[PDB]
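> sequence, then the experimental structure. Questions to follow.
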There are 2 protein chains.
Amino acid sequence: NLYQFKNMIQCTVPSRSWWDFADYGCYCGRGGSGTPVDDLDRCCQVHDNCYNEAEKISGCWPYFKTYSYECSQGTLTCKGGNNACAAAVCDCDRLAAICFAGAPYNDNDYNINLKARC
Amino acid sequence: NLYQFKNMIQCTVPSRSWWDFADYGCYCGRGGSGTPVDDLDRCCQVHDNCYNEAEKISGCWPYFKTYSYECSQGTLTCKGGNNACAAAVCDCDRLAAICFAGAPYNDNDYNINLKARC
Ligand SMILES: CCCCCCCCOC[C@H](COP(=O)(O)OCCN)OP(=O)(O)CCCCCCC
Ligand SMILES: CCCCCCCCOC[C@H](COP(=O)(O)OCCN)OP(=O)(O)CCCCCCC
Ligand SMILES: [Ca+2]
Ligand SMILES: [Ca+2]
Ligand SMILES: [Ca+2]
Ligand SMILES: [Ca+2]
């Protein structure tokens, strides 16, 4: 679930507030479309797409499905107790939080005019 | 001509080397295509189109045609002595240098992977 996702982000990107990614580029935040403005934005678009896939497993709502996972200094793994849904969205979140850490954050890409650039 | 354009940029953005604009986004540099990456890139996209318009004037080659203009303070004006081609090109360059001075320069957009991003 989203609360867990932001803890995942905390695990991989220690001194950037999770809120910094809530309105970035064309895809970081609720929804997204157009052309990713950078590598960070692109992490979000495959995350979004990853969520789109997990939803195709019916009764699976990526936003609210809680899962089991573990943070061990910069790394993440999903753990036991996950049903098909939890396993899939946990994997989505893991890969996205891992992606965020290896992409530069460009302030110029935060809270952009979606209308103009996307 | 390009030597004069370089000097125009000097006029409106003294604090930056012209070199910084020579390989930026999808449009600042020789040619261009794709989606402008930001406002500065859009300055170049517009400039490119201006040149393409000037090229319709028979015997008009924007890159090479020398024109008359003067830089005063940080303002630019095209002066007497220009034929149809020179006037058109001078105006194109004039507008571009004025545009650059009003757009933020994002370092993340310099020398980007054109095949990936454009
Ligand atoms: C007022 C703003 C609302 C707050 C947050 C909403 C975003 C939560 O996940 C959004 C999407 C995934 O969902 P959608 O964009 O709706 O997914 C597409 C699937 N339809 O993940 P993301 O990849 O876009 C990154 C967001 C970072 C937030 C960190 C902590 C909660
Ligand atoms: C002193 C010589 C230096 C060589 C620099 C090479 C850049 C070509 O600049 C022209 C293009 C426009 O030409 P094209 O892209 O070829 O457009 C014409 C297409 N019909 O303008 P631009 O708006 O794309 C940005 C240029 C910044 C560098 C300033 C040079 C002094
Ligand atoms: Ca966004
Ligand atoms: Ca999104
Ligand atoms: Ca370029
Ligand atoms: Ca160009």
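Arrived safely. Numbering: from 1, shown residues only, chains lettered A, B, ... in the order given. Ligands and ions are numbered 1, 2, ... in the order given.

> going by C-alpha atoms from here, please, whenever you check contacts or count neighbours.
OK.

> regarding residue A:65, what is its secondary structure?
coil (DSSP: H, G, I helix; E, B strand; the rest coil).

> ok, now residue A:70?
Assignment for residue A:70 (three-state DSSP): strand.

> beta partners of it?
residue A:77 (DSSP bridges).

> contact partners for it?
Contact analysis of residue A:70 by CA atoms under 8 Å, 6 or more residues apart in numbering or on different chains lists A:76, A:77, A:78, A:79.

> all strands of chain A, in order?
Under the criterion DSSP state E, strands of chain A are mapped to A:69-72, A:75-78.

> nearest to residue A:33, of these?
strand A:75-78 (27.7 Å; CA to CA).

> what comes up buried for the closest one?
Neighbour-count burial for strand A:75-78 flags A:76, A:78 (criterion: 16 or more other CA atoms under 10 Å in any protein chain shown).

> name the helices or strands packed onto it?
helix A:2-12, strand A:69-72, helix A:84-101 (3 or more CA pairs under 8 Å, 6 or more residues apart in numbering or on different chains; DSSP states H and E).

> also compute the angle for the first one relative to helix A:84-101, please.
Put plainly, it is helix A:2-12. 40 degrees (axes from the mean of the first three to the mean of the last three CA atoms, to 10 degrees).

> what residues does chain A have near chain B?
By the rule CA under 8 Å from any CA of the partner chain, the part of chain A lying against chain B is A:37, A:38, A:106, A:108, A:117.

> looking at those, which are in helices?
residue A:117 (DSSP state H).

> the residues of chain A next to chain B: which two are farthest apart?
Top of the distance list for those (CA to CA): A:106 and A:117, 14.9 Å.

> now the buried members of the residues of chain A next to chain B.
By 16+ other CA under 10 Å, those give A:37, A:38, A:106, A:117 as buried.

> residue contacts, the second one?
By CA under 8 Å, 6+ apart, the contact list for residue A:38 reads A:25, B:117.

> distance check, it against residue B:60.
Here residue A:38 is placed at a distance of 38 Å from residue B:60 (CA to CA, to the nearest Å).

> find the residue at the geometric middle of chain A.
Residue closest to the mean C-alpha point of chain A, counted by CA atoms, centre = their mean, is residue A:96 at 4.4 Å.

> against chain B, how distant is that residue?
Counting by CA to the nearest CA, to the nearest Å, the separation of residue A:96 from chain B is 20 Å.

> distance of that residue relative to ligand 3?
15 Å (CA to the ion, to the nearest Å).

> quick one, what contacts that residue?
A:43, A:44, A:46, A:47.

> of these, which are in range of ligand 6?
For ligand 6, no contacts are drawn from these by CA under 5 Å from the ion.

> closest to ligand 1 among those residues?
Comparing the contacts of residue A:96 against ligand 1 with CA to the nearest ligand atom places residue A:44 closest, at 3.7 Å.

> residues contacting the closest one?
Residue A:44 neighbours (CA under 8 Å, 6+ apart): A:27, A:28, A:96.

> of the buried ones among the residues of chain A next to chain B, closest to residue A:68?
Nearest to residue A:68 among these: residue A:38, at 30.4 Å, using CA to CA.

> got phi/psi on that closest one?
According to degrees, to the nearest 10, the main-chain angles of residue A:38 amount to phi -170, psi -180.

> returning to what we had before: format the contacts of residue A:70 as JSON lines; extra columns: distance to ligand 5.
Supplementary listing: the contacts of residue A:70 in JSON lines, determined by distance: CA to the ion, whole Å:
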{"residue": "A:76", "distance to ligand 5": "38"}
{"residue": "A:77", "distance to ligand 5": "40"}
{"residue": "A:78", "distance to ligand 5": "42"}
{"residue": "A:79", "distance to ligand 5": "46"}
